[PDB]
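[1] As they sit in the full assembly, here are the leading chains:
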Amino acid sequence: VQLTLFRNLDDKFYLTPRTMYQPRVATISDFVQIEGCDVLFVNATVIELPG
């Protein structure tokens, strides 16, 4: 919960801390899969998902 998720120009997902701006490439081990969604989530397909 200490990381922020954003998107670069090429629409790749990146993570950064909030203490300093040190962006890194988001991988599949950085996420937890849950049943429901949210209205504030970003919509993406399996093609654009993190590797």
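    Now that the structure is in, tell me what you want to look at. Residues are numbered from 1 along each chain as shown, chains lettered A, B, ... in the order given.
[2] which SSE is the residue nearest to the spatial centre of chain A in?
    By Cα atoms, centre = their mean, chain A has its centre lying nearest to residue A:5, at 4.2 Å. Assigned by DSSP states H and E, residue A:5 belongs to strand A:3-7.
[3] Which secondary structure elements does that strand sit against?
    Applying 3 or more Cβ pairs under 8 Å, 6 or more residues apart in numbering; DSSP states H and E, we find strand A:3-7 packed against strand A:13-17. C-beta: built from backbone N, CA, C; applies to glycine.
[4] quick one: buried residues of the strand it packs on?
    A:13, A:15 (16 or more other Cβ atoms under 10 Å).
[5] next up, chain B:
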Amino acid sequence: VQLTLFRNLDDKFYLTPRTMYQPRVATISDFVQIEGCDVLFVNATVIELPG
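    Just below you will find chain B, in place on the chains above:
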């Protein structure tokens, strides 16, 4: 070590915090592999291991 491991009704492994009951599915990235076993470990086969 802040998470508790348990089994759901379909014999699938789940992890939850001990501050609130917020269960989530356990993945292989959540585990550390060691040589030995204790007597209080659940017996399982490679087939029924977390995805």
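[6] Please name the residues that touch the residue nearest to the centre of chain A.
    Taking Cβ atoms under 8 Å, 6 or more residues apart in numbering or on different chains, we find residue A:5 in contact with A:13-15, A:26.
[7] same thing with residue A:51?
    A:27-28.
[8] repeat that for 10 Å
    Residue A:51 makes contacts with A:12-13, A:25-28, as judged by Cβ atoms under 10 Å, 6 or more residues apart in numbering or on different chains.
[9] Backbone dihedrals for whatever residue of chain A ends up closest to chain B, please?
    Using Cβ to the nearest Cβ, the single residue of chain A nearest to chain B is residue A:29, 4.3 Å away. Dihedral pair for residue A:29: phi -80, psi 0, per degrees, to the nearest 10.
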